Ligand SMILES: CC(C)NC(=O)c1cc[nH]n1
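A lone chain, given as structure tokens: the form solved without the named molecule.
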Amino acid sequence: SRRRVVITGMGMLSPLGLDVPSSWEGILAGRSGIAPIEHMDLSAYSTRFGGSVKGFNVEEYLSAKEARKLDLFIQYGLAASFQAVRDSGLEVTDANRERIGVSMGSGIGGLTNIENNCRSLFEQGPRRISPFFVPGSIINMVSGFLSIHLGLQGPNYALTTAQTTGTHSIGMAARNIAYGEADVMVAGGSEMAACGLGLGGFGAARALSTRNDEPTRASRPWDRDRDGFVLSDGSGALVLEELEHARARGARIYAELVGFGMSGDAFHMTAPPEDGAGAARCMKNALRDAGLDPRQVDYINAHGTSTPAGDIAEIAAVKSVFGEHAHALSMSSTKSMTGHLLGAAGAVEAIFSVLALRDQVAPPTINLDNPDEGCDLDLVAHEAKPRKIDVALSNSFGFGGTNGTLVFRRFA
């Protein structure tokens, strides 16, 4: 048997806001966080826009001196992590510190830092490389710095499963708690790949929307005019907690994490299969994990990246999995507003899935002006939709054919 896992704290940086409530206000209002990228020369680039975090003050969290040692993705992960722990009310003690762990991930990690240290290496040679270059750039330092700051002595690790990182991180954090290895985990992901290499690398694979004339319309999942994903920055963190632990301290419980699905496509390095067979197995795995029939699902936060092959595979996957229930559930892509936070996508979208449960409302897919061939599900086009939501799925599909699904259920 297995312990139950609830969500008692959430934290976020996104293109829509510097916390969860501001981000969620944007989501429900159908606001875009997408805009031309500033303080950065993108003249030679085919994409000049994306979702930046606007107005982030790291000194609300760290001294200027400690922040100078850390890549932006690490700053963003720590901000979401500190927010979620504060949100939870959790008190770390000598009696529980060994039962509280961290799994914050990243898809791509310290590109901005690697870029600036490369600049120095090429211009001036090795002796201008920062002594903090390695510990300030590696993906496990959000978990590491968070554990050192709060005295957390539980399981300390980091996933990196490209665009599936946030989903996998929350899921395997839930397993740690369910199977009794910890009572509390801080889990999610952070990303800041709006550097030359992120825009250039994804630009070189022709992965990115090039709609520079209208950045707020670039991200249009399931729309017949979509031309690739919109690159976005930020972080999500959740405080996961064993239910009896949460009840005993009188925690506020947002929702219960009932199911976790993983699967490999084993198909292609970057492209999903057209029938969405991997996403189908993953969702089926996640619903089995939860002991739920596909009929009980009301809301799916899609991966919904706005790429030609990706959006259409997810329609295929959902129809395969949910048969005659496929039209009854609502499925939206919050990436229509946020863009694609890569390794952080699954984290902020888990929070949006939890808040859909609290507020009984399906977030919109904005820009869904002309649903494509086969895209005839309830994609919640243009505007938020109030409705009954007992069960919410969050899907992530990433490079290497790596899939993740989280099943959240209302707790009352």
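Take the two forms, superpose them, and find the largest set of C-alpha atoms that agree within 1.5 Å; that set is the rigid core. In case it trips you up, residue 1 is the first one in the sequence shown, and so on.
- Superposing each structure in 9 other deposited structures of this protein on the rigid core shows that the farther-lying of 32-40 and 364-372, by root-mean-square Cα distance, is 32-40.
- According to the PDB record, 122-130 carries the higher mean C-alpha B-factor of the two stretches 122-130 and 166-174.
- The stretch 244-252 shows the higher mean C-alpha B-factor when 179-187 is compared against 244-252 in the entry.
- Comparing the listed residues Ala347, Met40, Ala356, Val53, the entry records the largest Cα B-factor for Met40.
- Ranking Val85, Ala79, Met269, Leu341 by Cα temperature factor from the entry places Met269 first.
- In this PDB entry, the Cα temperature factor of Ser333 sits in the middle third of its chain's modelled residues.
- When all modelled residues of the chain are sorted by CA temperature factor, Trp222 is found within the highest third.
- Among the modelled residues of the chain, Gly144 sits in the lowest third by CA temperature factor in this PDB entry.
- In the deposited entry, the Cα temperature factor of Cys375 places it in the highest third of its chain's modelled residues.
- Per the PDB record, residue ranking by Cα B-factor puts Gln296 in the highest third of the chain.
Missing here is the form deposited with the named molecule bound; even so, the following discussion is about that form.
- Of the listed positions (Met331, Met337, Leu240, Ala279), a single one reaches within 4.5 angstroms of the named molecule by any non-hydrogen atom in the deposited complex, namely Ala279.
- Only one of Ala313, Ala158, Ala255, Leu72 lies close to the named molecule in the deposited complex, with a heavy atom inside 4.5 Å, and it is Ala313.
- In the deposited complex, the named molecule sits beyond 4.5 Å of every heavy atom of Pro221.
- The closest heavy atom approach of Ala251 to the named molecule in the deposited complex falls outside 4.5 Å.
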